[PDB]
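Undergrad: Experimental coordinates for this protein are included below, preceded by the sequence.
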Amino acid sequence: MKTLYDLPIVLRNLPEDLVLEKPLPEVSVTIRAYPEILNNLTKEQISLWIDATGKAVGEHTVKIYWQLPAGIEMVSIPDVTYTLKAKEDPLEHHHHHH
């Protein structure tokens, strides 16, 4: 009933001039905490995003600045790896004629 698939992962500071060939691959995470807060805590309370600023074109591994408003610790993993490419401008502009 869709095709966009924005995924819970949101990208901040995304320079238009650059575009992602494919959406961020989904991956599982492992957390360690009490069941009372885990059974009460919701996904909407979890802040997950990535900073494309400073970063340049190409594939690189980066950490997720995860944030939890409680007494929860991060077990380990996961890492993200993708391929950033330049916008395929169809309107053409650079290089006088071709």
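TA: Done, it's in. Numbers count the residues shown, from 1 in each chain.

Undergrad: Just the element for residue 25, please.
TA: Counting by DSSP states H and E, no helix or strand carries residue 25.

Undergrad: residues touching residue 24, list them.
TA: Shown in contact with residue 24 (Cβ atoms under 8 Å, 6 or more residues apart in numbering): 7, 9, 11, 50, 80, 82. To be clear about C-beta, it is placed using only N, CA and C from the backbone, and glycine gets the same treatment.

Undergrad: For residue 58, state which of these is nearest.
TA: Nearest to residue 58 out of the contacts of residue 24 is residue 82 (Cβ to Cβ; 10.0 Å).

Undergrad: burial measure for that closest one, as a count.
TA: By the criterion of other Cβ atoms under 10 Å, residue 82 has 16 neighbours.

Undergrad: thought it was touching residue 20?
TA: Yes. Between residue 82 and residue 20 there is a contact under Cβ atoms under 8 Å: 6.4 Å.

Undergrad: Buried members of the contacts of residue 24 into PyMOL, please.
TA: Provided next is the PyMOL selection string for whichever of the contacts of residue 24 are buried by 16 or more other Cβ atoms under 10 Å:
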select buried, resi 50+82
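
Undergrad: Cool, thanks, talk later.
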